[PDB]
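Given as structure tokens, the chain that follows is alone and in the form deposited in one PDB entry.
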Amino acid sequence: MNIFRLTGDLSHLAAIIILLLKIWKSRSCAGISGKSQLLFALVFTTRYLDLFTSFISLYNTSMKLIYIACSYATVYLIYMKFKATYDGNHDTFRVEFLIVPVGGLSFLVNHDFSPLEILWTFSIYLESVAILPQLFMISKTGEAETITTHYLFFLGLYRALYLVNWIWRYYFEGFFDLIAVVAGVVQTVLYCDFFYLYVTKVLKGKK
């Protein structure tokens, strides 16, 4: 552990809680992509299968369990509890164009041809494009509410901090994972326009 990954993890937990508490308190999931939340739940489900083969630390186990619980609870609030406010008509990204190719790529390009590693690879490639349905919904509909932009800011900052974490670990530990890195760069690049607009408009009380 280093400060960059810790801040990265804390930023990710912040985004997850901001969204869950926003839907819970308002009793509405207006402007939220249910599709992106399904993809994030699929990411945690396929990545954390090691919970049954490995113990890293109490922190690592707890964070995995918290991410799974909060992602499944967010999906529950959108598609079941507050389904009356789910804007299905505007959440129209065809997620088959993400899942089917990412699925194909994880089987073909991985560190090892074994079920657990292939599923971990799938979680890494899928996370890189998981926010696309949400950004697509915002571009279709009229802008984004301020709390929704704060969610997007902490989520985007999380994997950007993971890139800094990987520079650190490469320098001090000689550790590198090109699959996680390339996918992490893809994940961050997709937030470029949102970041520019959040800093120039949202942080200046515009949009």
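Counting begins at 1, following the sequence as shown. Just so we're on the same page, rigid core means the largest C-alpha set that superposes within 1.5 Å between forms. Residues that one form lacks are left out of the comparison.
Just so you know, the form deposited in another entry exists too; it's not on screen, but the next bit is about it.
When two forms of a protein are overlaid on their rigid core, residues whose CA moves 2 Å or more are considered shifted, and residue 199 is one of them between this form and the one not shown. Once both forms are fitted on their rigid core, the CA atom of residue 45 lies less than 2 Å apart between this form and the one not shown. After superposition on the rigid core, the Cα atom of residue 144 is displaced by 2 Å or more between this form and the one not shown.
The gap between the Cα atoms of residue 146 and residue 70 is smaller in the other form, by no less than 3 Å, than in this form.
Relative to the displayed conformation, the Cα-Cα distance from residue 150 to residue 138 grows by 3 Å or more in the other form. Relative to the superposed core, shifted segments between this form and the one not shown, defined as three or more consecutive residues with every Cα moved by 2 Å or more, span 1 to 3, 49 to 63, 142 to 154, 191 to 204.
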